[PDB]
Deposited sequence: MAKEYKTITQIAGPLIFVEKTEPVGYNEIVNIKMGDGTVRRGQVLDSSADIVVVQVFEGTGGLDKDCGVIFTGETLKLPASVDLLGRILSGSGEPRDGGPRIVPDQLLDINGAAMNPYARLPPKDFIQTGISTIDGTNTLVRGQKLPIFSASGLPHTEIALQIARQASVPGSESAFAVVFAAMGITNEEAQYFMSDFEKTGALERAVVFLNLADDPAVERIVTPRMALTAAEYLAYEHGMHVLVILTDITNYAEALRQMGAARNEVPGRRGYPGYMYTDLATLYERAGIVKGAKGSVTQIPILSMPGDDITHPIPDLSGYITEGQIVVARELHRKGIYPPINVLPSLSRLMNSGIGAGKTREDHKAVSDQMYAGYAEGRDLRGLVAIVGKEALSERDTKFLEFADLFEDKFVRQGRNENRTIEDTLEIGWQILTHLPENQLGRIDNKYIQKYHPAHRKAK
């Protein structure tokens, strides 16, 4: 029933106790205690205890720290000294502007920047499944993401839920050794930590991102891995009917912030369970309103990292993040043409398995070969290969040369003459 609000444990409470919760403006909401850890009370909202909301200790000094799901140090450092104590439920400060997401976030991964571009303020889930490398892709984006040319500084907030010890040490090591830590706040919730902390983890993370974005004028990228495990924690506390509204209190929290010098961008990982007997398939579609990045078993089976299939992927806001002054003027054309040539080449793989390879026409054979060049040169890149959008677009142009120039129906002749390697002038 009713939505979840998190409260600091200041006095003992009982199950089903009726309580008041003090909101950031001095008003109070009433609810009932649902559960609690030793330090955090979970309240369902509709003489008596009046509770304070659970707070994040907020400071620019959160950057470079690795913390638990409850905000406590996990890196052997001192507790955070706060500038502000901010309600993590999201209710003390409305940082979001009524503005659409826009302008480019360069992940350095061609199958996102090139064909499915992430924009500032967007929520763009990675949609994956058991046994696929969504975790490596999330960490690669956390190492590589930037906002080319932005006057606002950039930060990452990386929140991992229900993870093993082994995973935790791997994530800490990767952030530390690459320097990615120095612009990040990292929240790690272990599988064995109290379960209440698992559901507080993304609220801590989004609070930190809102504080950096709005009070320090930053574009902040929040990567949340992964929401299925968060759904699991609600279930443990089919999925509960209130889960769909609860998820909305996570996916409402994204966008450009007031003043438009900062933004909160989310990339949640939505992984489908590999055995629905023990882990039922949750409906996480509420999070998918601005497109998705699809991690595909076919590509992984073929030994290609990252195994992202651009055809089912989409970024509904891409056009607000690309072109002259953002990426390059020819970006939309090249994206459209690669998409169309790869879709045609893939259908032609079907055709070769109907009529045989030697029956395909010479033109069809160019498109068949293009689908292989696309997967081998454009989709495939190294774990630590950080490609600028220029790099991405020039790979695109090189593999597009395999097609007959007269078959480039998605590219304006003005871009063919300016950028196609057969016509472009050396400057």
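Sequence ranges absent from the coordinates, based on the deposited chain and numbered from 1: Seq positions lacking coordinates: 1 to 11, 58 to 68, 260 to 270.
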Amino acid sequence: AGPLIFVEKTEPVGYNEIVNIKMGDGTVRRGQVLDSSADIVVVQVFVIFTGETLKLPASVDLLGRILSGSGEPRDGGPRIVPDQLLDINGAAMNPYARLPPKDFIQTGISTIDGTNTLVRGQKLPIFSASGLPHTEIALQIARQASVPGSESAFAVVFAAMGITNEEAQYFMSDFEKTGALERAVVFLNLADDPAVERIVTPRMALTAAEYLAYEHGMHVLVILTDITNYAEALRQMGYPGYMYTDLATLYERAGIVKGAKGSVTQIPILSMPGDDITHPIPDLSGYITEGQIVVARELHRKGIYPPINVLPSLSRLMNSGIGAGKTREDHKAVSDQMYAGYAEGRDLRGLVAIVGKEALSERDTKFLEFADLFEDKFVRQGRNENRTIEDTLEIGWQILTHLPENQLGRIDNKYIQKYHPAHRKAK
From here on, numbers count along this sequence of modelled residues.
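Would 331 to 339 or 164 to 172 have the larger average of its C-alpha temperature factors, as given in the entry? The deposited B-factors put 164 to 172 ahead on the C-alpha mean.
Averaging only over Cα atoms, indicate whether 59 to 67 or 390 to 398 has the higher B-factor in the PDB entry. The stretch with the larger mean CA B-factor is 59 to 67.
Top Cα B factor in the deposited entry, candidates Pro268, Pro78, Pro202, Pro101: Within the set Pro268, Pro78, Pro202, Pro101, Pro78 shows the top C-alpha B-factor.
Could you tell me which one of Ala248, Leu317, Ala142, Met237 shows the highest CA temperature factor in the PDB record? Comparing C-alpha B-factors across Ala248, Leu317, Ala142, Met237, the top value belongs to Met237.
Chain thirds of CA B-factor: placement of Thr225: Highest third of the chain for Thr225's C-alpha B-factor.
How does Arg383 rank on Cα B-factor within its chain, lowest, middle or highest third? Its C-alpha B-factor, which the entry lists for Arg383, ranks in the lowest third among residues of this chain.
Ranking every modelled residue in this chain by its Cα temperature factor as given in the entry, which third contains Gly325? Tercile = highest for this residue's CA B-factor.
Which third of the chain holds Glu358 when residues are ordered by C-alpha B factor: lowest, middle or highest? Highest third of the chain for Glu358's C-alpha B-factor.
By the recorded C-alpha temperature factor, relative to the other modelled residues in its chain, which third is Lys123 in? Lowest third.
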